[PDB]
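Peer 1: Submitted below is the structure of interest, expressed as structure tokens.
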Amino acid sequence: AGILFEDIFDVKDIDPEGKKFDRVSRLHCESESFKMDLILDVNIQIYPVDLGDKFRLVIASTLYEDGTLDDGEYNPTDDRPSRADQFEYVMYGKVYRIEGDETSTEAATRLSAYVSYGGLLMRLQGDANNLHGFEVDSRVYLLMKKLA
Amino acid sequence: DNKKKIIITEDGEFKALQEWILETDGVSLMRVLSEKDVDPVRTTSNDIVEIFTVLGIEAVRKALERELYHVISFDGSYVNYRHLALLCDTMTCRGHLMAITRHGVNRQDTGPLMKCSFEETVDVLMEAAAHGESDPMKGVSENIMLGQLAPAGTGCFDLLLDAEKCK
Amino acid sequence: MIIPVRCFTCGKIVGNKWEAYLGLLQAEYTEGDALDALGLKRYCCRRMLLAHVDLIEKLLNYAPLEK
Amino acid sequence: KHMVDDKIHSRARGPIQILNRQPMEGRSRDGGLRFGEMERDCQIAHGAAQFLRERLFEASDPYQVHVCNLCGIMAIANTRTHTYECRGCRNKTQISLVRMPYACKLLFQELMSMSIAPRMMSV
Amino acid sequence: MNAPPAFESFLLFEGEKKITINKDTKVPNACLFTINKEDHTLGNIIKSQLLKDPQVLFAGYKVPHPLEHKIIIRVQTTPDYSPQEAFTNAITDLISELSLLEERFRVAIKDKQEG
Amino acid sequence: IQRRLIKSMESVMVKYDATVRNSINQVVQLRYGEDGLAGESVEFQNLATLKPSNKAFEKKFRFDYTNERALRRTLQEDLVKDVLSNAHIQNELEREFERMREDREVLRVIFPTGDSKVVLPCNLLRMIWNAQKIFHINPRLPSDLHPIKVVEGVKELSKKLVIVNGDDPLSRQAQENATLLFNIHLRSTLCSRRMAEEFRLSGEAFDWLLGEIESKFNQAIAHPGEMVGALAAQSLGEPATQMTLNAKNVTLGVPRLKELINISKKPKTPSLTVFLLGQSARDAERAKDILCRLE
Amino acid sequence: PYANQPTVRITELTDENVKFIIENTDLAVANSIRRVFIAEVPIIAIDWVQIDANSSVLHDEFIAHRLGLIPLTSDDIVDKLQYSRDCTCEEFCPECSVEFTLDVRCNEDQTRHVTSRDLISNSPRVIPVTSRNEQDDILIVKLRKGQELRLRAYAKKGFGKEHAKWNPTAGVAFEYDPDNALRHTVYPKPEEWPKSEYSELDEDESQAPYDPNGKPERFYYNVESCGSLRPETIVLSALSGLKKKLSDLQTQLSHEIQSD
Amino acid sequence: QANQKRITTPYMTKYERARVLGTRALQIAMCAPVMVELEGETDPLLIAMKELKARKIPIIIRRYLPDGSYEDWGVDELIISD
Amino acid sequence: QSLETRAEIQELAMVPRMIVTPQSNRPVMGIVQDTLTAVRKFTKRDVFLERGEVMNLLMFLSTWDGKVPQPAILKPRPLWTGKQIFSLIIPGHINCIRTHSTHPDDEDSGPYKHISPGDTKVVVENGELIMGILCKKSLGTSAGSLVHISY
Amino acid sequence: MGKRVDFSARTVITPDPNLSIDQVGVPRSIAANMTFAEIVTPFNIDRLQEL
Ligand SMILES: [Zn+2]
Ligand SMILES: [Zn+2]
Ligand SMILES: [Zn+2]
């Protein structure tokens with residue numbers, strides 16, 4: 001499939017530290033199916049998000065419905081079936097950090113994957129079982145859709 | 001912390017002890033050092049001449065490096081240490097405090113032409129004439145005056161044609 | 001020394017407005033109302049008429065070189 | 001008043017001063033720009049010895065003198081008849097050609113005016 | 001002293017080509033059009049018209065130096081298309097747009113003067 | 001002041017025997033900057049073994065070859081078995097830690113104030129980061145780098161970084177001194193433990209890192225023919241043009257710089273900094289007693 | 001992949017300016033039209049002066065520069081005249097130039113205003129705008145008794161790229177998105193800014209709600225004429241000139257493509 | 001001095017590179033034979049840099065030591081960094 | 001006036017060879033007034049460039065491989081970020097950590113150390129500006145800046 | 001130690017964002033006044049004859 005992670009999140013706070021940027025807003029959200037915290041930077045100018053909203057987030061390694069790698073190059077004249085068709089807000093970034101609660105001897109029970117979508121930062125932290133698809137310096141997509 | 005007493009605790013950490021220090025308006029380093037309850041190891045002065053007279057040439061070398069560093073860095077600036085070290089070695093390599101003046105620079109065996117370039121052109125050349133001094137043309141000033149390639153940078157070596165490799 | 005022909009900024013002609021401007025000023029117009037009467041609505045052309053110093057009138061106080 | 005057209009200036013082998021055969025001073029004199037002591041120090045720091053020699057010897061006042069290999073004093077050369085002789089040493093065979101700045105020749109002559117003997121010894 | 005004549009911005013020098021096409025080797029199906037004695041007036045419209053072509057992948061222009069009087073327009077198209085063909089179609093479309101705009105402005109002026 | 005400095009240092013130059021000498025051929029420095037390195041290539045770094053405590057130093061730099069499961073997390077299976085079974089390797093690592101502890105004491109006497117900021121040729125942390133990204137090092141997986149390979153490679157690297165050339169004992173000691181601080185930084189940065197649980201480099205990454213360190217160090221060496229004297233005069237006179245002309249009042253800026261470079265027998269504000277020995281250093285009454293005995 | 005279908009709506013047409021709106025066109029097309037109004041709409045202007053006598057207090061270049069900036073009616077003649085580059089004649093001819101003569105002498109005691117009315121042309125169609133059959137005449141120079149100005153000018157065809165004297169506009173107001181809906185501007189305090197004359201907002205509303213899917217359309221123009229051309233002639237000549245620039249570019253493009 | 005043991009650096013200094021390139025460029029400009037192949041190069045500096053990259057400059061650098069001796073290094077024997 | 005002096009200047013005194021000064025082992029030239037105010041504004045988190053703007057800017061990259069990068073935002077509308085274009089400007093695969101001048105001092109202690117609320121804490125990895133607002137501290141003449149690490 | 005030199009020029013400096021850091025924008029009059037003595041070879045015989 002090419003999907004590293006999928007869950008439904010609920011916006012629990014927007015800009016706790018205050019609005020830092022005008023067109024960008026930080027959402028602190030939590031899901032229900034996996035109990036994962038999410039910090040996400042979104043361009044609220046084009047995709048406004050209100051407190052208490054509920055959305056489906058899908059971290060993917062590729063947009064093509066069939067398992068097929070991406071070249072990281074912009075190809076607007078691409079007629080393949082892309083899973084971005086099923087979502088409203090889509091970003092493209094790279095994983096730049098994976099933290100955990102590991103010790104010198106024990107493995108990590110909880111992980112924390114950090115992604116940067118051209119400067120818009122995301123932190124998806126929760127159980128390490130749900131974050132095996134994430135590897136540092138790896139390109140991913142956001143694929144986020146609002147639901148009622 | 002630059003004037004506090006930095007010790008190493010028994011655990012191995014650096015600890016800055018907050019202790020009394022005295023700052024005088026004159027200098028008698030010779031006497032103050034030899035006083036009871038005065039530290040004869042860290043007590044110093046900013047008068048480099050007294051440091052030279054009391055502690056010697058390497059002590060004044062180090063102290064002069066410290067004072068020049070203090071002058072340079074007080075405005076937050078930073079200069080690579082090799083430049084201060086080279087300046088301080090120039091002033092102390094001959095066993096005495098060589099001022100950067102005619103009284104220190106034109107009193108070393110640098111050659112009359114290098115000296116006339118700096119200061120006291122006529123006095124220097126006249127002294128060299130009276131004493132028959134010979135300039136070996138080792139410095140850059142002497143070669144520059146004679147229009148010759150200074151032994152500096154691209155002039156510090158010679159090039160030869162390689163007859164066996166032109167084939 | 002003399003009223004410019006065009007406004008330096010837009011290029012509107014102001015050369016034909018200096019005499020009318022002075023005539024309006026002696027007609028007890030304020031400088032703003034005078035500039036409004038001449039149709040100078042952009043503050044660049046108002047700058048041109050309002051800041052002009054007619055030095056040519058002083059240069060014409062000297063007799064020419066030839067009679 | 002400071003318009004660029006009254007400041008722009010360039011030189012390439014123009015007139016030279018009479019005393020020291022170096023470029024004149026000023027735009028009005030079609031003079032050359034001064035490569036001063038600080039420029040010399042900068043190029044010494046750069047290590048550019050040939051550029052330094054070009055600026056301070058070859059682009060300013062190249063000159064040649066003939067020196068007696070014995071007394072090191074500037075000899076009398078006659079290149080048309082090829083007769084070189086030092087009146088001091090009374091020799092006419094051990095003379096050498098030396099390429100020096102004209103200002104340095106002028107300096108050495110002004111020192112000889114002061115009874116100083118700057119002897120350019122080529123050995 | 002150093003002022004170029006004002007016509008040098010508009011007039012071609014003898015033996016100087018109005019437009020030169022050079023293949024861009026970095027990516028396939030890309031070209032550089034170096035147009036002499038033009039400026040942002042044509043560059044901007046040609047670029048923006050080329051951006052309306054879905055077969056154009058890249059369309060940009062630059063005036064490399066304001067004191068110089070040329071523009072460079074880089075055009076990359078899809079493999080089935082050509083940057084020269086894209087540039088030609090962009091100019092054709094701009095010409096047709098301007099012809100239509102001129103006719104409609106004539107009609108609007110006629111209406112305004114008449115009633 | 002600038003002209004005076006220049007005329008005083010103008011002919012000091014790095015010679016082809018790597019000594020810094022003046023026109024008279026007298027020796028001003030046996031190696032430029034005491035390390036024979038040019039000032040363009042060096043950069044700010046941190047000595048990692050200077051400030052930490054003995055416990056922290058032990059915990060961060062002593063390779064722990066007893067914890068089987070920790071090694072299992074850091075190293076691959078064959079490396080874990082070789083490290084746990086072999087005693088030659090364990091003695092090699094033990095002597096590595098002893099050598100780092102000796103280096104720690106040497107740094108402690110070099111920097112009596114706990115300032116780990118140092119200026120050294122090669123930015124080893126940046127090179128390690130470069131190796132991590134060039135070879136796509138996964139910090140979460142066990143590494144295939146043998147700690148004995150780290151020890152041996154660092155030792156060979158140290159042998160290849162030569163500022164003073166010669167097999168004679170005097171050249172050996174001068175070589176030891178020229179690269180002492182850098183070799184301490186290198187042994188404390190390329191430590192086997194740090195390379196196992198902090199950087200987690202692979203064998204390929206470590207070999208590339210060793211080569212990169214060697215090449216950049218050889219590039220940082222001063223070039224014979226550098227007019228370091230004119231360069232130093234300029235480096236000290238250029239900042240003088242910005243610093244100002246105008247508890248206690250102390251002369252600073254260009255006036256103090258002048259007083260220093262042209263040896264003044266009558267400084268403007270001559271002063272001492274008297275430091276106290278015993279309880280006088282702590283209490284104020286005895287400090288006042290010494291003050292009265294001085295003033 | 002094809003052209004726009006722009007529409008036009010002229011909201012004011014006088015002898016002094018034309019105020020119109022172009023809709024359904026790209027911002028680049030609108031700004032190139034705006035630029036051509038200023039820089040590539042040819043007109044006639046004095047570009048050659050021969051001073052036979054000037055006893056006035058302004059030197060010769062002052063008078064020449066001042067004559068160059070007098071607008072000359074260029075409406076139907078500018079299309080017919082050729083550039084002196086293209087004319088196959090000598091320095092001048094009636095096919096590429098228009099001759100003016102000026103000959104004034106202050107004999108009387110009051111100051112004589114040498115104005116644009118004194119510029120006498122050989123061509124009746126190309127005359128100073130103020131001299132056309134109110135607004136006074138442009139003042140060339142004031143003369144004192146005994147001062148005299150006699151010169152002979154030639155006017156040429158050119159556009160504003162070469163010199164601002166060939167610029168036919170006295171201001172080109174250009175605007176789009178009067179309510180900041182595209183947010184191409186970002187007002188720190190939108191309430192502090194006055195409303196555009198083309199705004200359609202109630203006074204409580206400072207700027208329009210942001211339009212994420214919006215593009216610049218509906219460009220508003222106010223082309224004021226210096227006098228040489230009628231404002232609508234400026235706009236029509238601008239469109240024709242831009243179209244001929246593109247046509248020449250396409251011709252040269254075809255030669256370059258076929259030569260490869 | 002024993003050529004079997006040369007104490008100077010095995011690297012070409014920046015000043016050695018500068019002067020060798022300038023010297024060889026002047027030699028090429030004065031119609032000296034070129035040691036490398038040439039595609040279309042006509043600038044002597046470019047030809048000299050190509051010869052240095054190819055390690056085919058027929059020049060020997062005589063590095064003088066402070067004691068007065070010297071060491072002769074072929075341009076091909078030195079390590080070219082830049 | 002000679003090939004030898006020309007080679008001397010070209011190999012010793014050329015400006016790129018002069019970027020780092022031996023005086024203080026740091027760059028001597030950096031990014032300056034308009035380019036520095038603008039790069040600060042450009043690398044803010046809420047700078048989004050459209051396709052035509054991005055192509056306009058890529059026309060002015062000399063060291064561009066001709067590949068348009070995948071925009072940071074694909075939907076509802078393709079938008080590139082200023083960091084995404086500066087990543088194309090940044091050369092090689094250099095790695096650099098800096099901090100914007102407005103970086104709060106108590107942020108590196110608490111949470112959000114690696115996800116900065118203020119977009120401070122510059123991080124360049126593999127020659128991509130992963131995060132942070134560039135300023136004097138990142139592009140000026142100080143030690144360890146991007147221009148220094150690039151050199 | 002310092003002297004006047006030939007093949008030098010001086011004028012006011014001006015910004016130019018479109019030059020690289022290692023470039024200097026020179027007027028055509030300074031460049032027409034200043035000259036570089038280029039040696040003739042079969043490599044440059046034609047170009048130098050053109051000049
Ligand atoms: Zn105006
Ligand atoms: Zn003799
Ligand atoms: Zn004609």
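By order in the structure tokens, chains are A, B, ...; within a chain, residues start at 1; ligands start at 1, following the order shown.
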Could you pull out the helix (DSSP H, G or I) residues of region 3-144 of chain A, going by DSSP on the backbone, and write them as a PDB file with C-alpha atoms, in the first residue's frame?
Peer 2:
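Result went into part02.pdb, see below:
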ATOM      1  CA  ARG A  83      -4.290   8.705  -3.059  1.00  0.00           C
ATOM      2  CA  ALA A  84      -4.155  12.492  -2.658  1.00  0.00           C
ATOM      3  CA  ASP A  85      -7.441  12.421  -4.576  1.00  0.00           C
ATOM      4  CA  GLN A  86      -9.133  11.028  -1.451  1.00  0.00           C
ATOM      5  CA  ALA A 128       6.543   2.332  19.109  1.00  0.00           C
ATOM      6  CA  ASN A 129       4.326  -0.326  17.497  1.00  0.00           C
ATOM      7  CA  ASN A 130       2.658   2.304  15.295  1.00  0.00           C
ATOM      8  CA  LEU A 131       5.905   4.038  14.227  1.00  0.00           C
TER       9      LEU A 131
END
Peer 1: For chain D, work out the contacting residues on chain F at 12 Å, counting only C-alpha atoms, and write them as a PyMOL selection string.
Peer 2: chain F and resi 2-14+223-235+237-238
Peer 1: Counting only C-alpha atoms, what is within 12 Å of residue 58 (chain B), bar same-chain residues fewer than 6 positions away, as a PyMOL selection string?
Peer 2: chain B and resi 48+51-52+64-65+88-89+91-97
Peer 1: Let me see the file: selected residues, N, CA and C atoms, as an mmCIF file, in the first residue's frame.
Peer 2:
data_model
loop_
_atom_site.group_PDB
_atom_site.id
_atom_site.type_symbol
_atom_site.label_atom_id
_atom_site.label_comp_id
_atom_site.auth_asym_id
_atom_site.auth_seq_id
_atom_site.Cartn_x
_atom_site.Cartn_y
_atom_site.Cartn_z
ATOM 1 N N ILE B 48 53.752 45.396 32.620
ATOM 2 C CA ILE B 48 54.589 44.341 32.052
ATOM 3 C C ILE B 48 56.061 44.564 32.363
ATOM 4 N N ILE B 51 56.680 42.978 35.635
ATOM 5 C CA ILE B 51 56.644 41.529 35.466
ATOM 6 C C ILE B 51 57.967 41.038 34.893
ATOM 7 N N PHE B 52 58.531 41.784 33.943
ATOM 8 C CA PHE B 52 59.825 41.417 33.382
ATOM 9 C C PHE B 52 60.931 41.542 34.421
ATOM 10 N N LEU B 64 52.114 39.573 28.830
ATOM 11 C CA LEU B 64 51.873 40.454 27.699
ATOM 12 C C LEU B 64 50.840 39.856 26.758
ATOM 13 N N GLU B 65 50.900 38.540 26.548
ATOM 14 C CA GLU B 65 49.842 37.869 25.802
ATOM 15 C C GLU B 65 48.494 38.052 26.485
ATOM 16 N N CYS B 88 53.800 38.713 20.495
ATOM 17 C CA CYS B 88 54.452 38.618 21.796
ATOM 18 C C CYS B 88 55.816 37.952 21.706
ATOM 19 N N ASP B 89 55.993 37.017 20.772
ATOM 20 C CA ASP B 89 57.307 36.423 20.563
ATOM 21 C C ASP B 89 58.257 37.424 19.924
ATOM 22 N N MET B 91 58.289 40.590 20.525
ATOM 23 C CA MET B 91 58.696 41.510 21.580
ATOM 24 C C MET B 91 59.555 40.878 22.660
ATOM 25 N N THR B 92 59.746 39.559 22.651
ATOM 26 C CA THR B 92 60.436 38.893 23.745
ATOM 27 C C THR B 92 61.458 37.866 23.293
ATOM 28 N N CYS B 93 61.694 37.710 21.995
ATOM 29 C CA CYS B 93 62.594 36.667 21.528
ATOM 30 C C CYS B 93 64.059 36.990 21.781
ATOM 31 N N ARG B 94 64.398 38.243 22.083
ATOM 32 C CA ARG B 94 65.779 38.652 22.293
ATOM 33 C C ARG B 94 66.119 38.841 23.767
ATOM 34 N N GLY B 95 65.315 38.289 24.670
ATOM 35 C CA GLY B 95 65.641 38.266 26.075
ATOM 36 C C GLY B 95 65.248 39.507 26.841
ATOM 37 N N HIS B 96 64.926 40.590 26.149
ATOM 38 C CA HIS B 96 64.466 41.827 26.754
ATOM 39 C C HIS B 96 63.144 42.226 26.120
ATOM 40 N N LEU B 97 62.492 43.204 26.736
ATOM 41 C CA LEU B 97 61.234 43.730 26.222
ATOM 42 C C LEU B 97 61.540 44.658 25.058
#
Peer 1: Taking the backbone alone, and naming residues the way the document does, which bits of region 9-144 of chain A are strand (DSSP E) by DSSP, as a PyMOL selection string?
Peer 2: chain A and resi 9-14+24-31+37-43+54-60+90-100+110-117+120-127+139-141+144
Peer 1: Write out as a PyMOL selection string every residue belonging to chain I that has an atom at most 9 Å from any atom of chain B, counting only C-alpha atoms.
Peer 2: chain I and resi 8+22-25
Peer 1: Could you write out the selected residues, including N, CA and C atoms, as a CSV table (one decimal), in the first residue's frame?
Peer 2:
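Contents of result_29.csv, freshly written:
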chain,number,residue,atom,x,y,z
I,8,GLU,N,49.4,34.6,-10.1
I,8,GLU,CA,49.5,34.9,-8.7
I,8,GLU,C,48.3,35.4,-8.1
I,22,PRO,N,42.2,34.6,8.1
I,22,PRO,CA,43.0,34.0,9.2
I,22,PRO,C,43.0,34.8,10.4
I,23,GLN,N,42.5,36.1,10.4
I,23,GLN,CA,42.5,36.9,11.6
I,23,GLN,C,41.7,36.2,12.8
I,24,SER,N,40.5,35.7,12.4
I,24,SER,CA,39.6,35.2,13.4
I,24,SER,C,38.9,33.9,13.0
I,25,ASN,N,39.5,33.2,12.0
I,25,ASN,CA,39.0,31.9,11.5
I,25,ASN,C,37.5,31.9,11.3
Peer 1: Find the residues around region 34-50 of chain J up to 9 Å (only C-alpha atoms counted), leave out those fewer than 5 positions away in its own chain, and share them as a PyMOL selection string.
Peer 2: (chain D and resi 10-13) or (chain H and resi 26+28-31+41-43) or (chain I and resi 1-3) or (chain J and resi 7-9+29)
Peer 1: Determine, counting only C-alpha atoms, which protein, DNA and RNA residues have an atom within 10 Å of an atom of residue 64 (chain D); residues of the same chain fewer than 2 positions away are not included. Present the result as a PyMOL selection string.
Peer 2: chain D and resi 62+66-67+97-102+105
Peer 1: Return as an MDAnalysis selection string the residues of protein, DNA or RNA that approach ligand 1 to within 10 Å, with only C-alpha atoms and all ligand atoms taken into account.
Peer 2: (chainID C and resid 6:14 40:49) or (chainID G and resid 170:171)
Peer 1: Which residues are near residue 248 (chain F)? Cut-off 12 Å, only C-alpha atoms, ignore same chain within fewer than 3 positions. Put them as an mmCIF file with C-alpha atoms, in the first residue's frame.
Peer 2:
data_model
loop_
_atom_site.group_PDB
_atom_site.id
_atom_site.type_symbol
_atom_site.label_atom_id
_atom_site.label_comp_id
_atom_site.auth_asym_id
_atom_site.auth_seq_id
_atom_site.Cartn_x
_atom_site.Cartn_y
_atom_site.Cartn_z
ATOM 1 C CA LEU B 22 42.442 43.068 46.021
ATOM 2 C CA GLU B 23 43.038 45.541 43.191
ATOM 3 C CA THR B 24 45.716 48.157 43.831
ATOM 4 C CA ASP B 25 46.166 51.562 42.194
ATOM 5 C CA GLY B 26 49.956 51.312 42.151
ATOM 6 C CA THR F 251 42.889 52.058 30.741
ATOM 7 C CA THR F 269 46.661 52.959 35.612
ATOM 8 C CA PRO F 270 49.270 50.536 36.958
ATOM 9 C CA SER F 271 47.638 47.955 39.184
ATOM 10 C CA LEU F 272 48.009 44.607 40.908
ATOM 11 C CA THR F 273 45.548 41.749 41.317
#
Peer 1: Could the residues that lie within 6 Å of ligand 3, counting only C-alpha atoms and all ligand atoms, be listed as a ChimeraX atom specification?
Peer 2: /G:84,87,89,92-93,95-96
Peer 1: Mind listing the residues within 9 Å of ligand 2, only C-alpha atoms and all ligand atoms counted, as JSON, numbers by chain?
Peer 2: {"D": [67, 68, 69, 70, 71, 72, 73, 74, 75, 85, 86, 87, 88, 89, 90, 91, 92, 94, 95]}
Peer 1: Mind checking which residues fall within 9 Å of residue 29 (chain B), counting only C-alpha atoms, ignoring those fewer than 5 positions away in the same chain, and posting them as an MDAnalysis selection string?
Peer 2: (chainID B and resid 34 43:45 50:51 54) or (chainID F and resid 272)
Peer 1: For the selection just defined, write its residues with C-alpha atoms to a file, as a compact mmCIF listing (two decimals), in the first residue's frame.
Peer 2:
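After the write, again-v7.txt holds the following:
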# COMPACT_ATOMS: atom_id res chain seq x y z
CA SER B 34 56.29 38.54 49.69
CA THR B 43 49.14 37.54 42.26
CA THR B 44 50.06 39.44 39.10
CA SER B 45 50.15 42.94 37.64
CA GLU B 50 57.63 45.05 36.51
CA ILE B 51 56.64 41.53 35.47
CA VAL B 54 60.46 40.44 38.87
CA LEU F 272 48.01 44.61 40.91
Peer 1: Compile a residue-level contact table for chain E against chain A at a cut-off of 8 Å, reporting for every qualifying residue the shortest atom pair and its distance in Å to one decimal, with only C-alpha atoms counted, rows ordered by chain and ascending number, as a tab-separated table.
Peer 2:
residue	atom	partner	partner_atom	distance
E:54	CA	A:77	CA	7.2
E:55	CA	A:77	CA	7.4
E:57	CA	A:76	CA	7.7
E:78	CA	A:77	CA	7.9
Peer 1: Those residues with C-alpha atoms, as a CSV table (one decimal), in the first residue's frame please?
Peer 2:
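The resulting file, result-v3.csv, is reproduced below:
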chain,number,residue,atom,x,y,z
E,54,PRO,CA,-0.5,22.0,-19.2
E,55,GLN,CA,2.2,20.5,-21.4
E,57,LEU,CA,6.5,21.9,-17.0
E,78,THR,CA,6.4,17.3,-21.4
Peer 1: What does the distance between CA of residue 40 (chain E) and CA of residue 35 (chain G) come to in Å, to one decimal place?
Peer 2: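 These atoms are spaced 9.1 Å apart.
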Peer 1: Taking only C-alpha atoms into account, which residues of chain A are within 9 Å of chain F, as number ranges by chain?
Peer 2: A: 98, 103-107, 135-137
Peer 1: Please measure the separation of CA of residue 214 (chain G) and CA of residue 82 (chain I), giving the value in Å to one decimal.
Peer 2: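 Between these atoms lies a distance of 21.5 Å.
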Peer 1: Can you work out which residues from chain G touch chain I at a cut-off of 12 Å (counting only C-alpha atoms) and hand them back as a count of residues only?
Peer 2: 6
Peer 1: Select, as a CSV table (one decimal) with N, CA and C atoms, in the first residue's frame, those residues of chain D with any atom no more than 9 Å from chain J (distances computed using only C-alpha atoms).
Peer 2:
chain,number,residue,atom,x,y,z
D,4,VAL,N,30.3,61.6,-10.7
D,4,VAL,CA,31.3,60.6,-10.9
D,4,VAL,C,32.2,60.9,-12.1
D,5,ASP,N,31.7,61.7,-13.1
D,5,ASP,CA,32.5,62.0,-14.3
D,5,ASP,C,33.7,62.9,-13.9
D,7,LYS,N,35.4,62.4,-11.2
D,7,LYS,CA,36.2,61.5,-10.4
D,7,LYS,C,36.8,60.3,-11.1
D,8,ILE,N,36.1,59.8,-12.1
D,8,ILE,CA,36.6,58.6,-12.8
D,8,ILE,C,38.0,59.0,-13.5
D,9,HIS,N,38.9,58.1,-13.3
D,9,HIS,CA,40.2,58.3,-13.9
D,9,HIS,C,40.9,56.9,-14.1
D,10,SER,N,41.7,56.8,-15.2
D,10,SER,CA,42.4,55.6,-15.5
D,10,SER,C,43.8,56.0,-16.1
D,11,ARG,N,44.7,55.1,-16.0
D,11,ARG,CA,46.1,55.3,-16.5
D,11,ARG,C,46.6,54.0,-17.1
D,12,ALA,N,47.4,54.2,-18.2
D,12,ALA,CA,48.2,53.1,-18.8
D,12,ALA,C,49.3,53.7,-19.5
D,13,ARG,N,50.5,53.8,-18.8
D,13,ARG,CA,51.7,54.4,-19.4
D,13,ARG,C,51.5,55.8,-19.9
D,14,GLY,N,51.3,56.7,-19.0
D,14,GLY,CA,51.1,58.1,-19.2
D,14,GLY,C,52.4,58.9,-18.9
D,22,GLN,N,58.4,58.4,-12.0
D,22,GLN,CA,57.2,57.7,-11.6
D,22,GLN,C,56.0,58.4,-12.1
D,23,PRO,N,54.9,57.7,-12.2
D,23,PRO,CA,53.7,58.4,-12.7
D,23,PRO,C,53.3,59.7,-12.0
D,24,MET,N,52.7,60.6,-12.7
D,24,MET,CA,52.3,61.9,-12.1
D,24,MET,C,51.3,61.7,-11.0
D,25,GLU,N,50.9,62.8,-10.4
D,25,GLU,CA,49.9,62.8,-9.4
D,25,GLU,C,48.7,63.6,-9.9
D,31,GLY,N,47.9,61.3,-14.0
D,31,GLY,CA,48.8,60.6,-13.1
D,31,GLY,C,48.3,59.2,-12.8
D,32,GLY,N,49.2,58.5,-12.1
D,32,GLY,CA,48.9,57.2,-11.6
D,32,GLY,C,48.5,57.2,-10.2
D,33,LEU,N,47.8,56.1,-9.8
D,33,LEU,CA,47.3,55.9,-8.4
D,33,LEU,C,48.5,55.4,-7.5
D,34,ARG,N,48.5,55.9,-6.3
D,34,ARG,CA,49.6,55.5,-5.4
D,34,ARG,C,49.4,54.1,-4.8
D,35,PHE,N,50.3,53.3,-5.1
D,35,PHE,CA,50.4,52.0,-4.4
D,35,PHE,C,51.3,52.2,-3.2
D,36,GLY,N,50.6,52.5,-2.0
D,36,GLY,CA,51.3,53.0,-0.9
D,36,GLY,C,51.9,51.9,0.0
D,37,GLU,N,52.3,52.3,1.2
D,37,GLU,CA,52.9,51.4,2.1
D,37,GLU,C,51.9,50.4,2.6
D,38,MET,N,50.7,50.8,2.8
D,38,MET,CA,49.7,49.8,3.3
D,38,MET,C,49.3,48.8,2.2
D,39,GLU,N,49.3,49.2,1.0
D,39,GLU,CA,49.1,48.3,-0.1
D,39,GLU,C,50.3,47.3,-0.2
D,40,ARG,N,51.5,47.8,0.0
D,40,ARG,CA,52.7,46.9,0.0
D,40,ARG,C,52.5,45.9,1.1
D,55,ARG,N,54.1,46.1,-9.1
D,55,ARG,CA,53.5,47.3,-8.7
D,55,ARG,C,54.6,48.3,-8.3
D,56,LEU,N,55.6,47.8,-7.5
D,56,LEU,CA,56.6,48.7,-6.9
D,56,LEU,C,57.8,48.8,-7.8
D,57,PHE,N,58.0,48.0,-8.8
D,57,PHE,CA,59.2,48.2,-9.7
D,57,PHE,C,58.8,48.4,-11.2
D,58,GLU,N,58.0,47.5,-11.7
D,58,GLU,CA,57.8,47.5,-13.2
D,58,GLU,C,56.7,48.4,-13.7
D,59,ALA,N,55.7,48.7,-12.9
D,59,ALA,CA,54.6,49.6,-13.2
D,59,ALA,C,54.8,51.0,-12.8
D,60,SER,N,56.0,51.3,-12.1
D,60,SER,CA,56.2,52.6,-11.6
D,60,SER,C,57.5,53.2,-12.2
D,61,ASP,N,58.6,52.6,-12.1
D,61,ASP,CA,59.9,53.3,-12.5
D,61,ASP,C,61.0,52.2,-12.8
Peer 1: To one decimal place in Å, what is the distance between CA of residue 64 (chain C) and CA of residue 114 (chain G)?
Peer 2: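 For CA of residue 64 (chain C) relative to CA of residue 114 (chain G), the distance reads 16.3 Å.
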